[PDB]
$ cat coords_3.cif   # mmCIF, C-alpha atoms
data_input
#
loop_
_atom_site.label_atom_id
_atom_site.label_comp_id
_atom_site.auth_asym_id
_atom_site.auth_seq_id
_atom_site.Cartn_x
_atom_site.Cartn_y
_atom_site.Cartn_z
CA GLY I 1 -60.38 -20.33 -192.99
CA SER I 2 -58.29 -19.33 -189.99
CA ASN I 3 -58.99 -21.90 -187.27
CA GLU I 4 -56.55 -22.98 -184.56
CA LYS I 5 -57.87 -25.79 -182.35
CA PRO I 6 -55.15 -27.20 -180.06
CA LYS I 7 -55.32 -30.55 -178.26
CA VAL I 8 -54.88 -31.00 -174.51
CA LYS I 9 -52.64 -33.76 -173.16
CA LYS I 10 -55.72 -35.36 -171.61
CA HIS I 11 -57.05 -35.72 -175.15
CA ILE I 12 -54.48 -38.49 -175.54
CA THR I 13 -57.14 -40.80 -174.11
CA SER I 14 -59.41 -40.10 -177.08
CA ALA I 15 -56.67 -40.69 -179.64
CA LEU I 16 -55.49 -43.89 -177.95
CA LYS I 17 -59.01 -45.35 -177.99
CA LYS I 18 -59.11 -44.76 -181.74
CA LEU I 19 -55.53 -45.95 -182.26
CA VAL I 20 -56.24 -49.43 -180.89
CA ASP I 21 -59.35 -49.48 -183.07
CA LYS I 22 -57.48 -48.43 -186.22
CA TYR I 23 -54.66 -50.86 -185.45
CA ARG I 24 -55.65 -53.14 -188.34
CA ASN I 25 -56.48 -50.08 -190.45
CA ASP I 26 -53.05 -48.47 -190.74
CA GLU I 27 -49.69 -50.26 -190.72
CA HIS I 28 -47.90 -47.19 -189.35
CA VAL I 29 -50.26 -47.39 -186.38
CA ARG I 30 -49.26 -50.98 -185.66
CA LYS I 31 -45.52 -50.30 -185.46
CA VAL I 32 -46.25 -47.18 -183.42
CA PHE I 33 -48.75 -48.70 -180.98
CA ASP I 34 -46.46 -51.73 -180.78
CA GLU I 35 -43.39 -49.79 -179.67
CA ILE I 36 -45.45 -47.69 -177.26
CA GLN I 37 -47.14 -50.79 -175.84
CA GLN I 38 -43.77 -52.35 -175.03
CA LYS I 39 -42.03 -49.24 -173.71
CA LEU I 40 -45.14 -48.57 -171.62
CA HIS I 41 -45.66 -52.26 -170.89
CA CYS I 42 -49.37 -51.93 -171.65
CA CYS I 43 -51.96 -53.52 -173.94
CA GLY I 44 -54.41 -51.84 -176.30
CA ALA I 45 -55.65 -48.32 -175.61
CA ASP I 46 -57.77 -48.68 -172.48
CA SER I 47 -57.41 -52.46 -172.28
CA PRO I 48 -56.17 -55.60 -174.09
CA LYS I 49 -59.75 -56.58 -174.91
CA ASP I 50 -59.70 -53.72 -177.42
CA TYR I 51 -58.04 -56.20 -179.78
CA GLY I 52 -60.46 -59.02 -178.99
CA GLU I 53 -58.69 -62.22 -177.98
CA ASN I 54 -55.35 -61.96 -179.78
CA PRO I 55 -53.35 -58.78 -179.04
CA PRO I 56 -50.03 -57.84 -180.68
CA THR I 57 -46.66 -59.17 -179.50
CA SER I 58 -46.12 -55.71 -178.01
CA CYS I 59 -48.70 -56.70 -175.39
CA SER I 60 -46.39 -59.41 -174.06
CA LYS I 61 -42.66 -59.57 -173.28
CA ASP I 62 -40.31 -62.31 -172.10
CA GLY I 63 -43.31 -64.63 -172.03
CA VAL I 64 -45.32 -62.28 -169.83
CA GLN I 65 -48.62 -60.44 -170.30
CA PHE I 66 -49.15 -56.76 -169.48
CA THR I 67 -52.34 -56.40 -167.45
CA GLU I 68 -52.28 -52.60 -167.70
CA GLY I 69 -53.78 -50.03 -170.04
CA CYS I 70 -52.00 -47.36 -172.07
CA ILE I 71 -54.29 -44.38 -171.45
CA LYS I 72 -53.54 -44.69 -167.73
CA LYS I 73 -49.91 -45.74 -168.12
CA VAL I 74 -49.07 -42.74 -170.30
CA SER I 75 -50.53 -40.54 -167.56
CA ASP I 76 -48.42 -42.17 -164.85
CA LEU I 77 -45.22 -41.04 -166.57
CA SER I 78 -46.80 -37.90 -168.01
CA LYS I 79 -47.44 -36.37 -164.59
CA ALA I 80 -44.11 -37.77 -163.39
CA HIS I 81 -41.20 -35.34 -163.70
#
$ encode --input "coords_3.cif" --output "C-alpha cells"
Amino acid sequence: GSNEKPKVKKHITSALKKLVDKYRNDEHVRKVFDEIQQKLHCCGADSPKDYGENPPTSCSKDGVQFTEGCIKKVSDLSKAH
C-alpha cells in the first residue's frame, strides 16, 4: 500500500537509456527527446548509435552533427549553477 520510492538525479541516466529505446514506441517521447536533444545538442541517450544509423533531426542542427551524449550533457549543466 503505502510506498514512497523517490528517484535520484543520477537515475536520469537509467531513464534516458530507456527513452532512446522507446523513441519509436511513444510519440510523446519523440517530441520530448527531440527538443531535449537540440537544446542539449546531443544525440540519443548515451550515444547516437542508440538509434542505429538514422537518428532524429534533433541530433543535427544547421547541417551539423552532435557528437555528444545526453546522459553526460545533462550532467554538465546539472552540476553547473
$ atom_distance --input "coords_3.cif" --atom1 "atom CA of residue 55 of chain I" --atom2 "atom CA of residue 17 of chain I"
14.6 Å
$ closest_residue --input "coords_3.cif" --among "I:77, I:70, I:58, I:35" --to "residue 15 of chain I" --atoms "all atoms listed in the file"
I:70
$ resolve_selection --input "coords_3.cif" --expression "the PyMOL selection byres ((chain I and resi 60) around 12)" --output "MDAnalysis selection string"
chainID I and resid 34:35 37:44 48 54:59 61:68
$ closest_residue --input "coords_3.cif" --among "I:80, I:29, I:8, I:20" --to "residue 45 of chain I" --atoms "only C-alpha atoms"
I:20
$ atom_distance --input "coords_3.cif" --atom1 "atom CA of residue 30 of chain I" --atom2 "atom CA of residue 5 of chain I"
26.8 Å
$ atom_distance --input "coords_3.cif" --atom1 "atom CA of residue 72 of chain I" --atom2 "atom CA of residue 46 of chain I"
7.5 Å
$ build_atoms --input "coords_3.cif" --residues "segment 43-58 of chain I" --atoms "N, CA and C atoms" --output "PDB file, in the coordinates of the input"
ATOM      1  N   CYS I  43     -51.271 -52.874-172.830  1.00  0.00           N
ATOM      2  CA  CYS I  43     -51.960 -53.520-173.940  1.00  0.00           C
ATOM      3  C   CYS I  43     -53.133 -52.662-174.419  1.00  0.00           C
ATOM      4  N   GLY I  44     -53.326 -52.620-175.734  1.00  0.00           N
ATOM      5  CA  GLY I  44     -54.410 -51.840-176.300  1.00  0.00           C
ATOM      6  C   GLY I  44     -54.430 -50.413-175.777  1.00  0.00           C
ATOM      7  N   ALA I  45     -55.512 -49.696-176.059  1.00  0.00           N
ATOM      8  CA  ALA I  45     -55.650 -48.320-175.610  1.00  0.00           C
ATOM      9  C   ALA I  45     -56.052 -48.253-174.143  1.00  0.00           C
ATOM     10  N   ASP I  46     -57.271 -48.689-173.847  1.00  0.00           N
ATOM     11  CA  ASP I  46     -57.770 -48.680-172.480  1.00  0.00           C
ATOM     12  C   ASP I  46     -57.754 -50.087-171.884  1.00  0.00           C
ATOM     13  N   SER I  47     -57.461 -51.075-172.725  1.00  0.00           N
ATOM     14  CA  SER I  47     -57.410 -52.460-172.280  1.00  0.00           C
ATOM     15  C   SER I  47     -57.033 -53.387-173.438  1.00  0.00           C
ATOM     16  N   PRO I  48     -56.575 -54.601-173.097  1.00  0.00           N
ATOM     17  CA  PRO I  48     -56.170 -55.600-174.090  1.00  0.00           C
ATOM     18  C   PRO I  48     -57.351 -56.159-174.870  1.00  0.00           C
ATOM     19  N   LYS I  49     -58.536 -56.083-174.272  1.00  0.00           N
ATOM     20  CA  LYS I  49     -59.750 -56.580-174.910  1.00  0.00           C
ATOM     21  C   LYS I  49     -60.071 -55.773-176.167  1.00  0.00           C
ATOM     22  N   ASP I  50     -59.482 -54.587-176.271  1.00  0.00           N
ATOM     23  CA  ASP I  50     -59.700 -53.720-177.420  1.00  0.00           C
ATOM     24  C   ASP I  50     -59.342 -54.439-178.720  1.00  0.00           C
ATOM     25  N   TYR I  51     -58.474 -55.439-178.614  1.00  0.00           N
ATOM     26  CA  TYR I  51     -58.040 -56.200-179.780  1.00  0.00           C
ATOM     27  C   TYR I  51     -58.923 -57.432-179.980  1.00  0.00           C
ATOM     28  N   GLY I  52     -59.590 -57.857-178.911  1.00  0.00           N
ATOM     29  CA  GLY I  52     -60.460 -59.020-178.990  1.00  0.00           C
ATOM     30  C   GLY I  52     -59.974 -60.161-178.119  1.00  0.00           C
ATOM     31  N   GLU I  53     -59.212 -61.075-178.714  1.00  0.00           N
ATOM     32  CA  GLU I  53     -58.690 -62.220-177.980  1.00  0.00           C
ATOM     33  C   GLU I  53     -57.317 -62.628-178.518  1.00  0.00           C
ATOM     34  N   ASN I  54     -56.664 -61.703-179.216  1.00  0.00           N
ATOM     35  CA  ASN I  54     -55.350 -61.960-179.780  1.00  0.00           C
ATOM     36  C   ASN I  54     -54.597 -60.659-180.037  1.00  0.00           C
ATOM     37  N   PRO I  55     -54.093 -60.044-178.957  1.00  0.00           N
ATOM     38  CA  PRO I  55     -53.350 -58.780-179.040  1.00  0.00           C
ATOM     39  C   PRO I  55     -51.983 -58.960-179.695  1.00  0.00           C
ATOM     40  N   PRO I  56     -51.345 -57.833-180.044  1.00  0.00           N
ATOM     41  CA  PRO I  56     -50.030 -57.840-180.680  1.00  0.00           C
ATOM     42  C   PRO I  56     -48.921 -58.285-179.733  1.00  0.00           C
ATOM     43  N   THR I  57     -47.796 -58.711-180.300  1.00  0.00           N
ATOM     44  CA  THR I  57     -46.660 -59.170-179.500  1.00  0.00           C
ATOM     45  C   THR I  57     -46.207 -58.087-178.528  1.00  0.00           C
ATOM     46  N   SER I  58     -46.506 -56.835-178.857  1.00  0.00           N
ATOM     47  CA  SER I  58     -46.120 -55.710-178.010  1.00  0.00           C
ATOM     48  C   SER I  58     -46.845 -55.769-176.670  1.00  0.00           C
TER      49      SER I  58
END
